[PDB]
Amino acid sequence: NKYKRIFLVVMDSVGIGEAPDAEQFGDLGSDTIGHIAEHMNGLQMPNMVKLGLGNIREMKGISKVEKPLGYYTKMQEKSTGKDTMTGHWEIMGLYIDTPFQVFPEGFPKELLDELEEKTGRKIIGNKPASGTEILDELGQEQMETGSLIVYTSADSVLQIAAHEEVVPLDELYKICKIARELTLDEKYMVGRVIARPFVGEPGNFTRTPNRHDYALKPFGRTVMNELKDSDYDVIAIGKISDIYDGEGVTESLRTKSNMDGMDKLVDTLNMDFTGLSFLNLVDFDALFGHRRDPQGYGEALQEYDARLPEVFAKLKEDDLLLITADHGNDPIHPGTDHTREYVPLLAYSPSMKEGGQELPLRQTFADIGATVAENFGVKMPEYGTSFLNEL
């Protein structure tokens, strides 16, 4: 193998400017990093700059360098959707025609009617809402009537809340499985179904650790599957295992924050493994992008950047670090949905003694998967062109 270990970091939603097909998605003008940098009056990301972020695109506080540490370019998304699952499935070698849907006006009557018909239970709510706010609003009615609180967020989710003393846990799980079946439909294609059991009384409801998430398998066997099948390590950090529904994963490390994600990355650097360590830094998307908070987003980017020199120090000669994103989520953009953007790509190994150069623009995110597959000598994905030989 060229590299013994590859560390792949997805900065979730960290887009680098509107894609050629942005107009189709209502995303003209979008620019996640660029708009953040303007808000911050210059983003302080000196380590990403050293890697070559400014060499991809110059932005406020982010300038090109004469000798970037590694190779750099951006990637264009080929799949139809601009969600997390689509972006990640494409990164690992797939092409996804069917987009996962978001529901700012709630779910279609047709879907909810069938859910009622299959379960024998009434549905209340049916709107985007905070999971804690909707319990204060509707939790008492739920307890009194045995109905189901169905709600959504800014992402592709269908969430079902029910009190554990009124609707038995095992019944809530059965209901969610029915919903998971019904939502495998492009009339109303939902990324995740989530059980949200709660306890307590009006004015004091608590959501329990009995939450369960019902994910879809990726629409194809991924490069992760092939790595696992060839007895390589595939270490998933953060939301990675959930995003792939565990497919191809050999170890999973839960994280509570971006800083905790970087700590687990450091943990994997300290492990003797051969294969892939795959981190998702989700805070950018979950806390700041959807909430349209450019200040919080900018601060989070600066906090992430400050962690990188320790990562640089621990990389071995036969390690490769890949940093990218899975879509955009411009915090100064109308609405609450993601944005269709190019994503940055930085590729760095300490073995790059003369620094890096510009790579040709990656025409699919699957180029990452192809590179990983070629490195480890496993079956090449159907889509994607490796850049391994360019490094």
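The first residue of the shown sequence is 1; numbering continues from there.
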item	value
Segment of higher mean CA temperature factor, 147-155 or 259-267	147-155
Stretch exceeding the other in mean C-alpha B-factor - 291-299, 138-146	138-146
Deposited CA B-factor, highest of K127, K82, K228, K239	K127
Highest recorded Cα temperature factor - choice among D97, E114, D283, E310	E114
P197 by Cα B-factor - lowest, middle or highest third of the modelled chain	middle
Third assignment of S252 from its chain's C-alpha B-factors	middle
B-factor third for the C-alpha atom of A161 within its chain	middle
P20 - which third its CA temperature factor falls in, relative to the rest of the chain	highest
Entry-reported Cα temperature factor of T274, expressed as the chain third it lands in	middle
